[PDB]
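Residue numbers (PDB author numbering), protein chains in the order written: chain eb, 3 to 183; chain ja, 2 to 262.
Note that the Cβ used here is the ideal one computed from N, Cα and C, for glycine as well.
The block underneath contains the structure these notes are about, expressed in C-alpha cells.
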RNA sequence: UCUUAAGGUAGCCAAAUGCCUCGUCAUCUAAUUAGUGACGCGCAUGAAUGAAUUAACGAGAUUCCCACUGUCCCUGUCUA
RNA sequence: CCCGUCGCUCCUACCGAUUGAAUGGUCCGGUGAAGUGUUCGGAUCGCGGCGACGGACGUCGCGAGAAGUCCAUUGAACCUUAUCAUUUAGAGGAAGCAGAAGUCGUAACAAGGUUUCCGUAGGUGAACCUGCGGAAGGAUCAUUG
RNA sequence: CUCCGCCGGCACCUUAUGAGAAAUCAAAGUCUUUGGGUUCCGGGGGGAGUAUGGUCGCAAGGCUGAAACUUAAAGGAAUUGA
RNA sequence: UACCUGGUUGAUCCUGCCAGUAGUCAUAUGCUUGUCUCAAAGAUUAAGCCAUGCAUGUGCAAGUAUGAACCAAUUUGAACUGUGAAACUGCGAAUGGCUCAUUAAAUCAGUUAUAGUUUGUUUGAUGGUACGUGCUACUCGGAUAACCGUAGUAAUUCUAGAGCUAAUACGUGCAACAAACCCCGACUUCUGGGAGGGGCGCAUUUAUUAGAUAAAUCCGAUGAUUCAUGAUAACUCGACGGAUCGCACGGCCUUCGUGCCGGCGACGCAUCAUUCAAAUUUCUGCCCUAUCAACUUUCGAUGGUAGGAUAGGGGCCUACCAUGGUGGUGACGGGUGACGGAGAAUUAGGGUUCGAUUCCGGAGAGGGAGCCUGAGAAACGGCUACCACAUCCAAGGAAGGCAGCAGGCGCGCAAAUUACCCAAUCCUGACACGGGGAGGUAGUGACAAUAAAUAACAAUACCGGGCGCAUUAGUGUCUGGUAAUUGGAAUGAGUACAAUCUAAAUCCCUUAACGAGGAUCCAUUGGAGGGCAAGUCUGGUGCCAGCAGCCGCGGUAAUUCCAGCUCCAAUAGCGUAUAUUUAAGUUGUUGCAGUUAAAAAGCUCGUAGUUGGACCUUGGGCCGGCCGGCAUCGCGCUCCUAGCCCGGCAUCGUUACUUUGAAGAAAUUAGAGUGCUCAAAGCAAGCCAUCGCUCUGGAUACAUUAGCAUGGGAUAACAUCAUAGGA
Ligand SMILES: [Mg+2]
Ligand SMILES: [Mg+2]
Ligand SMILES: [Mg+2]
Ligand SMILES: [Mg+2]
Ligand SMILES: [Mg+2]
Ligand SMILES: [Mg+2]
Ligand SMILES: [Mg+2]
Ligand SMILES: [Mg+2]
Ligand SMILES: [Mg+2]
Ligand SMILES: [Mg+2]
Ligand SMILES: [Mg+2]
Ligand SMILES: [Mg+2]
Ligand SMILES: [Mg+2]
Ligand SMILES: [Mg+2]
Ligand SMILES: [Mg+2]
Ligand SMILES: [Mg+2]
Ligand SMILES: [Mg+2]
Ligand SMILES: [Mg+2]
Ligand SMILES: [Mg+2]
Ligand SMILES: [Mg+2]
Ligand SMILES: [Mg+2]
Ligand SMILES: [Mg+2]
Ligand SMILES: [Mg+2]
Ligand SMILES: [Mg+2]
Ligand SMILES: [Mg+2]
Ligand SMILES: [Mg+2]
Ligand SMILES: [Mg+2]
Ligand SMILES: [Mg+2]
Ligand SMILES: [Mg+2]
Ligand SMILES: [Mg+2]
Ligand SMILES: [Mg+2]
Ligand SMILES: [Mg+2]
Ligand SMILES: [Mg+2]
Ligand SMILES: [Mg+2]
Ligand SMILES: [Mg+2]
Ligand SMILES: [Mg+2]
Ligand SMILES: [Mg+2]
Ligand SMILES: [Mg+2]
Ligand SMILES: [Mg+2]
Ligand SMILES: [Mg+2]
Ligand SMILES: [Mg+2]
Ligand SMILES: [Mg+2]
Ligand SMILES: [Mg+2]
Ligand SMILES: [Mg+2]
Ligand SMILES: [Mg+2]
Ligand SMILES: [Mg+2]
C-alpha cells in the first residue's frame with residue numbers, strides 16, 4: 003500500500019506544569035491581545051520558535067570559517083529577514099536567539115489586517131478573513147495564521163468579490179432589498 | 002527466493018533516477034543488457050520522465066512500437082532497455098542525437114549532439130585475452146567483445162568505436178596525464194587529469210584526479226573512464242564542464258543570477 | 001486444689017506393644033477385617049528392661065506391581 | 001510507648017505417603033508407508049530379415065518397454081522404557097500476613113526497676129532466663145584526689 | 001638523667017581557611033570548580049538470611065540464596081518539653 | 001524549558017521511598033463530536049479452523065487450420081484464401097501477495113572471496129568435416145490431438161476402444177575447402193630427402209608437451225596459477241553442427257522455363273563474454289541466566305590421506321589413520337510473551353525502552369518427510385506417503401489445505417467490504433492488443449497527524465475603574481457585562497443546478513436559487529482542601545452512603561460525599577486502565593552511596609582481570625606570506641614518480657590513537673530551494689505576449705564498531721644487544 007509513505011508531524015507540545023498562575027496569565031495576555039481561539043495556537047508558535055533557536059544555537063557552537071556555519075546561517079538569516087522577523091542591521095545570527103513569540107504573532111494575516119486598518123478590531127479581522135473577504139496577492143487566503151512575508155505585505159487587500167471590497171452584495175443584503183421590492 | 006526477481010519497488014530504485022516516492026508502488030525493472038542495471042538508465046525514463054514525449058507507461062510502449070527510437074546504432078523495441086554511459090540515443094523522426102553523460106551531481110544527462118558525434122562511442126576495455134584457436138579479443142565494460150584489436154590495447158584502456166564499421170578506429174592508452182570522467186561514487190561526473198596512481202598489491206588501485214580549477218579528488222580505478230588524450234577531451238562535456246563545487250558556490254550563482262534578475 | 005520419692009522427659013505408635021477395634025482420616029481396589037501414610041486421653045509405648053533412626057545383608061514375617069504360568073475356568077492326553 | 005505465646009476469621013506460600021495426575025519436548029530401541037537409485041523381469045510394440053514360404057505363422061532383427069521384483073538410501077509415522085521441563089491434586093504438618101471492642105503475662109524504651117546488645121549452648125506457657133567469650137550503640141571520656 | 005633534630009609507630013589536645021543532615025572528622029579534608037589505582041558491597045520497610053537446589057561438616061551448622069504476599073513509612077542526627 | 005511538589009515530626013535538618021506532575025508513529029475503553037486535508041486497521045491470545053467467490057495464463061504478418069464456423073463469395077484450373085474459436089506446440093505460472101511459527105553468530109548488518117560453482121533470458125562475438133576410400137553435400141518416417149463416433153462409472157479438467165489429418169512436437173537422414181600439421185608408408189636414392197595413397201569439425205575424458213630472460217634474438221594476463229591459449233596421442237556407443245516461417249517484389253536468361261540471382265527479417269542449436277542472479281564464503285558485531293563448569297568424541301567430534309557425491313569447496317559422505325576441537329575473554333545448557341537490519345518513542349549531554357507490520361535479507365504455507373518437471377522449486381493457488389482435521393458418496397469409491405483478497409466461526413481488552421477497475425505504477429506471455437484480489441478507487445474508520453467554525457460591528461443603557469472640570473462634580477473613556485435588550489450588515493455548516501472531477505462513480509475545489517436571534521444551526525470532558533487553577537456558598541446525609549493516585553473527608557453548622565448555583569483548566573476534544581520514557585544524580589560512563597540512615601569481606605596470601613616511576617633532541621634556527629621548504633654532528637638506494645651534479649625511495653618490529661579520503665540503498669533523521677491559499681505534506685514548478693516555447697530543479701549532511709587507503713608519531717601497549725651468532 004503506497005500512501006503509507008506520506009509523512010505527517012506534530013506541531014505543538016503541551017506544557018509540563020499544567021497549573022501555574024504566572025505562566026497561565028502570560029498566556030492569556032497573548033491569546034486575548036492577538037485574538038486567538040485557544041492555547042494551541044500559541045503553543046505551536048513557541049514550538050516553531052524553539053526549533054530555529056536550537057538550529058541557531060547549534061551553528062553558534064560551530065565556528066566562523068565553517069562551511070555549514072556560513073551556508074546554514076545565511077539561509078536562516080534570509081528566512082528571518084524574508085518574513086520580517088528580524089530588523090535591519092540585525093544580520094549576526096545572535097539576534098535570532100533574542101527573537102520572541104510576539105514577533106511571529108505580529109506577522110500573522112489576522113494581526114497584519116488589523117494593523118493596516120480594514121477591520122476595526124483584531125476579532126473582526128479574523129471573521130473577516132474566514133468569510134472569503136480578503137485576498138493577498140491574487141488569491142483568497144482564508145487562514146488567519148497565514149504568516150505574511152514582507153514582499154506580499156503591500157498587496158494585502160480586500161477581495162475582488164467581497165461586498166466590502168469586491169462586487170455584489172451578500173445574502174442578507176439582497177434579502178432586505180427583495181423584501182423592500 | 003526460488004528464482005530471479007522481476008519487480009523493482011520504487012523506494013528500492015537507484016537514487017539517481019529521481020523517481021518520486023508517491024508516484025506508484027513499483028519502478029521500471031531494468032532488463033538484462035549491456036549495462037549493470039545500477040549504472041544504467043532505462044528507455045522508459047528517458048522518454049516519459051526527461052523528454053516528456055509521453056505521459057504514461059503505455060505511451061512510451063507505443064512510441065517504440067513505431068520504432069522511432071534507436072540506441073547505440075540499432076533499433077530497440079524493449080521498454081526497459083538498460084542504456085548507459087556513452088550510449089547514443091537518436092530519434093531520426095525528430096532528427097536528434099544524445100550522448101549519455103553525468104551531471105556533476107552524478108545523474109545521467111541526454112547531451113544533444115550533431116550527427117558526426119553519433120558515428121562513434123567510447124568504451125573502456127575490461128580485459129584482452131586469447132580465445133578460440135588463439136584469436137585475440139577484448140572485453141569492454143559495455144558487454145561488447147571485439148576480436149582482432151591492436152596488440153597495443155591493454156587492460157583499462159579506452160577505445161573509439163565506429164558504429165558503422167564496428168571495429169576499433171582509435172584508442173587511448175590509460176595512463177597519467179589524460180582527462181577522465183568518473184562514473185561512480187560521490188565524485189561521479191567530476192572530470193580532471195590523472196596526477197598519480199598508487200597501486201596496492203591485492204586490492205584496488207587509487208586514481209588521483211584534479212579539476213581544471215585546482216580542486217583535487219580521488220576514486221578507485223573502477224570508476225575511471227578516460228575521455229581524451231591529454232587535457233583535451235574527445236567528446237563534448239555536458240552543461241557543466243565536469244567541475245564540482247561547494248554548496249556555497251551554487252548559492253552564490255543563483256543570487257548572482259538573481260541580481261541580474 | 002489433693003497428693004507423690006519422683007509424677008512418663010526427648011522421642012515413638014491401633015507398631016511383633018491398643019481392650020474397645022473391622023478406631024478415625026487419606027491412599028491402593030470394581031469391592032480390602034489385609035497393606036502403607038497420618039492422627040493420639042496410649043486397656044497396658046518410652047529411653048543401655050536401652051529410645052528413635054538406619055545404607056548393606058537375610059532359605060526371617062508381611063503388602064502391592066510387571067513378567068510367567070494347568071493354581072484355576074475344566075480338564076484332556078503322553079512316557080516309565 | 002510496647003513484645004510474644006494462645007483463642008477466633010480471612011489471604012499467600014511451604015513440606016507431604018500417594019511407583020500422585022496431565023501436557024509438551026528429547027535420547028535410545030523395535031516396526032516401518034512413500035519416493036529415489038540399483039538387480040532381475042518382460043506383459044506388448046516397433047524393419048514386421050528369413051524360409052524368398054501360403055492377412056496367416058516360426059525361425060528374429062535388435063531396439064523401446066509396463067505390472068512385479070531385488071538390494072541400498074532418505075525417511076514420515078506408530079509403540080515400549082527412560083529422561084527433561086511446565087502445570088496440577090493431596091490426609092496431615094508447619095510458616096508469614098492482615099482483621100477484631102479477646103486471654104496470659106511484662107520482655108524492651110528511664111539505672112525500664114536484673115544496663116542493653118552480639119556469637120554459641122542449654123532450659124522454660126509466652127514474651128524470655130542462664131552459662132562462656134565479646135561490644136558500648138553505657139548509667140564511666142576522669143585517681144597525682 | 002637534662003636539652004635539641006631526624007626517621008617510624010600507638011594516640012591526644014586546640015582550631016578552621018575545609019567537609020558534613022548533624023553528631024562529629026586533621027582525615028569522614030583536597031566533590032556539581034564532580035576523573036590517582038584497585039577489590040568488596042547498598043538501592044523504601046517487612047516476608048527473610050526464610051523456602052528450595054547445590055555444596056562443605058560427624059553433628060550443631062556454615063557458604064550460596066528467592067518468591068508469593070504485605071505495607072506509608074521504617075530509619076538517622078539534632079531541638080523544646082514531659 | 002539542563003525545573004520539581006505533597007506525605008514520617010510537637011517543631012527541625014536528613015536518608016528514602018510512596019504519590020502527584022509531561023509524552024508515546026501505544027493499545028483498549030468511556031463520554032462527546034460541525035468542516036477541510038491526511039491515513040493505521042485480526043500482529044499481540046489461536047503458524048487456531050474454514051461455506052462461498054476471485055487471485056495465472058498466454059497469438060503474432062511471421063510453429064501447426066480443408067478437421068466444424070464467419071465474411072469475401074469461384075471465371076468451378078488453385079484457394080481454406082482474409083479474419084478466426086477449439087486444439088497440438090512453445091513460454092510462463094520459482095515473481096508478486098501473506099505471515100513471523102521454528103530460529104540467539106544462527107538468520108542478519110557492514111565488509112570480503114569464488115583462482116572452488118551454476119546461470120533460461122539480454123547484449124556482443126563466434127560456428128565448416130554428419131562421412132567421401134575428407135580428390136567440395138549422398139533422401140524425405142508413421143501417429144497423435146481439435147474433429148467423427150461407440151461407451152463404462154453415482155461420481156469430478158474420472159476414463160476406454162475404433163476412424164481421419166498437421167509440425168519449429170517426436171525420429172531419422174545429404175553435409176564446406178589447401179586438409180593446415182601429425183603417423184604409417186610402394187618405390188625412388190642413401191635421404192636432412194622426393195615420396196605414390198590410407199588414417200584428423202566442434203564437443204567429451206585422459207595423458208604427453210609448449211606457454212619464453214639476468215646485465216657484458218624472449219613474444220598475452222594476474223598481487224599470485226601446471227593460467228589464458230597451442231601441439232600431439234588416442235576415447236566416447238555425442239547433447240551439437242537449420243528438412244523452419246514471414247512479407248516485399250525485381251536486376252537479368254543458361255534451356256528465356258515463379259527461370260540464375262540475391263535482400264531485410266521471425267524462430268531455433270552450440271562455445272566464449274556480458275547482464276539479470278544465486279550458492280557457498282572471510283572479519284567484526286546480539287538480550288537475560290552459573291540455583292547452567294565443563295561440553296564434543298563408539299555411531300564425525302577436531303585434523304590427515306585416498307576416494308564417492310555435488311554445479312562446485314568441505315567429514316558433505318565412505319575406508320583407513322591420528323587425538324584432537326570449545327571453555328571465567330562464560331564454552332555447553334536454559335529463558336525469550338525472540339526473525340535480523342534500515343528504523344521508533346523519549347531525549348541538555350550521556351542514555352533507557354521498543355522494532356509482528358508496507359524497504360532490504362531470511363524462513364514457512366495444518367505437522368513432518370520424499371520427489372517430478374524445469375535454467376531456476378525440495379514449489380504446496382504441483383505431486384507422493386504418513387500424522388491430525390474434515391467434505392461428498394448411489395457405501396464400490398472420490399476429492400482436500402485462505403500465514404493471498406473479501407468474508408464466517410472461535411479466541412480474546414483488542415481491529416473494515418463476501419464492493420469497482422486494469423485508467424496510473426509496473427509485471428507477465430507467442431504478445432503494441434490477453435491477464436493481474438499485484439496495484440489502484442470507493443464504503444467503514446475521533447489509530448495517529450494538519451488546518452479550522454460555534455459570531456462580528458454599532459449605538460441605548462440601571463449601571464462600573466480611569467481619562468477631559470477632578471474640585472462639587474459627574475458619567476464616558478477601551479465598552480468589560482447582566483443584558484430572550486434594539487438595528488441592519490458578514491458568512492459557511494446545510495441543501496441544490498451545472499461544470500469539473502473519475503477507468504465509471506462519489507468526495508474535494510469552483511459555483512445559479514434557498515441557508516441565523518440566540519429557545520436556536522445551544523461544546524464537551526474532567527475538577528473547585530492541599531499537591532494544583534478554581535467556593536470559609538446553599539439544601540441533604542450523619543464514620544451511613546460515598547469520595548479519596550497520595551495526604552486525607554464523612555461520628556447533626558461536610559471548603560472533600562449526594563445536589564443546585566458559581567467558578568477553574570483544556571477545548572472538538574477530554575477522562576480512565578495497562579507497558580514504556582521522563583522526572584531518576586532512586587542504576588550514577590558522564591554521575592550516587594557504604595562511621596551512625598541500606599551497605600568494608602574476621603584476617604592475610606594468591607592466579608586470571610584491572611592498573612603501573614622517571615629517562616632516549618627533534619632541541620639551538622635560515623627561509624619566504626598556520627605552513628611548506630631546510631641547514632646542525634638528517635644509515636643507502638639500482639628498480640616508478642626521477643632538477644635547470646638535485647628534492648620527494650619502496651621491504652631486513654608489531655599496534656592502538658588521531659588526520660584526510662574512498663566506498664558507503666533508498667525511505668526515515670537533519671538540512672537548501674520551492675506561497676500545495678496556510679500547515680502537516682509533496683518534489684515540484686516559475687516566467688513568458690502566465691501565445692507553437694523558453695528556463696529549469698530533483699542540493700547537501702550524520703552514519704558507533706569492524707574492514708580499505710593517506711599523513712602525524714605526543715601518549716600507551718607487546719616483543720627485543722650483551723655467549724656479539726651485531727653493523
Ligand atoms: Mg524489466
Ligand atoms: Mg509425652
Ligand atoms: Mg498407640
Ligand atoms: Mg490382597
Ligand atoms: Mg500405621
Ligand atoms: Mg507402661
Ligand atoms: Mg512401663
Ligand atoms: Mg519395658
Ligand atoms: Mg534367614
Ligand atoms: Mg521491664
Ligand atoms: Mg531491663
Ligand atoms: Mg538499656
Ligand atoms: Mg534459667
Ligand atoms: Mg613521634
Ligand atoms: Mg531504590
Ligand atoms: Mg530493600
Ligand atoms: Mg541501626
Ligand atoms: Mg533518634
Ligand atoms: Mg536528566
Ligand atoms: Mg519516626
Ligand atoms: Mg502530623
Ligand atoms: Mg509515579
Ligand atoms: Mg516472494
Ligand atoms: Mg546471443
Ligand atoms: Mg579427509
Ligand atoms: Mg577430497
Ligand atoms: Mg516467536
Ligand atoms: Mg507473534
Ligand atoms: Mg490455518
Ligand atoms: Mg518455500
Ligand atoms: Mg512442500
Ligand atoms: Mg490458498
Ligand atoms: Mg484472509
Ligand atoms: Mg460540570
Ligand atoms: Mg467530584
Ligand atoms: Mg486538588
Ligand atoms: Mg489554589
Ligand atoms: Mg481518582
Ligand atoms: Mg494515613
Ligand atoms: Mg477535593
Ligand atoms: Mg458540589
Ligand atoms: Mg541514593
Ligand atoms: Mg547500617
Ligand atoms: Mg574491617
Ligand atoms: Mg596478576
Ligand atoms: Mg585498525
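Assignment of beta-bridge partners to residue 146 of chain ja by DSSP yields ja:140. The beta strand (DSSP E) runs of length 3 or more contained entirely in the region 62–140 of chain ja are, from start to end of the chain, 89–92, 97–103, 109–114, 121–130.
For residue 182 of chain ja, the uninterrupted beta strand (DSSP E) run begins and ends at 180–182, by DSSP. Listed along chain eb are 7, each with a C-beta nearer than 7 Å to that of residue 22 of chain ja. Contact of residue 4 of chain eb with chain ja is assigned, a C-beta pair being separated by under 7 Å. Residues 129, 130, 131, 148, 149, 150, 152 of the same chain have their beta carbon placed closer than 8 Å to that of residue 137 of chain ja, with the five preceding and five following residues left out of the count. A straight-line Cα-Cα distance of about 24 Å links residue 210 of chain ja and residue 88 of chain ja.
Those residues of the region 8–39 of chain ja placed with their C-beta closer than 7 Å to a C-beta in chain eb are 22, 23, 25, 26, ordered along the chain.
Not flagged as an interface residue toward chain eb: residue 244 of chain ja, since no C-beta distance is shorter than 7 Å. Excluding its 5 nearest sequence neighbours in each direction, residue 261 of chain ja has no C-beta neighbour in its own chain below 6 Å. Against chain eb, the CB of residue 249 of chain ja has a partner CB under 7 Å away; the residue lies at that interface.
Collapsing the DSSP output to three states places residue 52 of chain ja in a helix. DSSP places residue 217 of chain ja within a strand segment (E or B) once states are collapsed to three.
Put simply, the region 19–39 of chain ja touches the region 5–21 of chain eb. At least three CB pairs are less than 8 Å apart. Identification of residues in the region 61–89 of chain eb having a C-beta nearer than 7 Å to some C-beta of chain ja yields 69, 72, 73, given in sequence order.
Note that the region 175–194 of chain ja touches the region 231–248 of chain ja; at least 3 beta-carbon pairs, one per stretch, sit closer than 8 Å. About 6 Å separates the beta carbons of residue 173 of chain ja and residue 158 of chain ja, which is inside the 8 Å limit, making them a contact pair. Here the alpha carbons of residue 82 of chain ja and residue 160 of chain eb stand approximately 56 Å from one another.
Using a 10 angstroms sphere on the CB of residue 178 of chain eb, the tally of other CB atoms stays under 16, which defines it as exposed.
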